[PDB]
């Protein structure tokens, strides 16, 4: 049978498994070497040369359309990066997770198992020097280039994952190719990048399977927006992409294709969708169930897509695979395209409902008209959009490796300016820490501010962090959670210190506000530990710079705004999920393990760095003194808990005997004494000789978070 899962018995059980993924690096790789180093040893041009040859080296087990695999590889790359969501930065091509379930078996990724299989020889040849992640995007680039279109650039550095990302919530649906996320097109439930479970963006036949182009445009626009693309970028990508290849639907996929990869027999060795007539038959190939090319020359860059779409009238019909597609009302395009495999046959172009959407929608139409009138403009926008699409989850320019990285840095890379001054030394670091502690700022204020600065980092797409001090810029400076009013006060004091420090130097040395914010936080934690009798020294890495509005796409940073913040015990009154679930989801972005999260929160409550300075979870009589009081008091059976009257997130801790109110807290605090696993960690920290251990573990986790975006140490 099956060893069953606690998840099955209790559907609402905290999914700590997502944090366990941060406790180790699954896979055979040794944790002594970084991929960046290995990639640097790669002869990129040699790999591209091999990719070039592969493009026209048809393998019989999966015949190349028109004798060129290029279009297939472009789709592969498109789908690899296409799962990206701006909401949490998850999905995307950075880990090459298209290779693992569930993505590897999504209907929208049908036959991409074969595409990836074609690249295996090249992958084996270069080994660790090139990740599957980097290889898949490079294959897409070489494809495009070999078909007459120079790409804007390419960067390597994507480290391969060895399993799926367990933290990604792909939707509520209990079945692929079905949707329970939108009633009206354009109103998809927030936090999802697609309109249908198992699809990249939208249904190619139209919303809910109805060939309604106008409605389709609403979903296309919303989904692409959730994938960081605007109208011009979306139109450029779709049009540029569909300028190549064709759709496959020789027959109905629901009855002519075998089980997806995950459900396929062991002998298929990782492949899926076995065609009843044999995969070898190019003329019987089935993928989406839709059939036909978009242009007359499917393997050459040109204006064929835009011209076919705009210059002709189209009608909705049922294709050979039984799916909705569009045919031209004219007879000028009849059999105007050669058959993908039969040298003695021809085909007629077709358009997807989603293609017609670009022509029917007013705004998209304006863009397409402009593109048709200005080929160079079309090319320019597609080149930049393709580069963006394939690199948006790689983080800052510091992480872009290789000889093909453009000199130009794009705004979506959240670029950082150079430090035109000498860095502070050890003596200055000690000096500044003392000066910060000697100001009117409290330990709580300093800890709260440093956390506000670093807490925006997310390991999914490497965006956020303390470097740049974007906390002082829009929109962060005005985020409710950051307490704008209070924030300005703290930053003013730190700015004055910066001013006085810089003016007193005579050697060219300067300190950034970004560093002082973190340095003040470290000093505060050290002081808190000192008040408890412990002497700890937090390692500090100077060099963070102060980014300006010119380096910041303000609107794009709103996605990093936390709805729940554990360190500050902040809970937005709009959250749907239980507070603890959001807490775990956010902890994952900071690469925290269950134990680290526990030490962080429990240690923090001893210091007391709450939003609006509440006493929620602050189970101690000596605030700003780092101890294990949180755990000792949380575990005291002398206290009985209950939801607070007329409160949405408040709970009261009452003396079991007297009935007196001893403490107040939220689910963020109480989850550590409720969840079976977290309670086990709490018991360790709440024991008699575990205070020093908690202090050190807290300090280690604090330091870890403060340095998350310092890729220079990576």
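Residue numbers count along the first chain shown, from 1.
Stretches compared: 685 to 693, 670 to 678. Higher mean C-alpha B-factor in the entry: 685 to 693. Averaged over their C-alpha atoms, the temperature factors of 591 to 599 and 192 to 200 are higher for 192 to 200. The entry lists C-alpha B-factors for 468, 140, 157, 213, and the highest of these is at 213.
In this structure the maximum Cα B-factor among 260, 535, 580, 629 is found at 535.
Ranked against the other modelled residues of its chain, the C-alpha B-factor of residue 640 as given in the entry falls in the middle third. For residue 625, the recorded CA B-factor ranks within the middle third of the chain. Only modelled residues enter the ranking. The deposited CA B-factor of residue 345 belongs to the highest third of values across its chain. Ranked by C-alpha B-factor against the other modelled residues of its chain, residue 123 falls in the lowest third. Ranked by Cα temperature factor within the chain, residue 23 sits in the highest third according to the deposited record.
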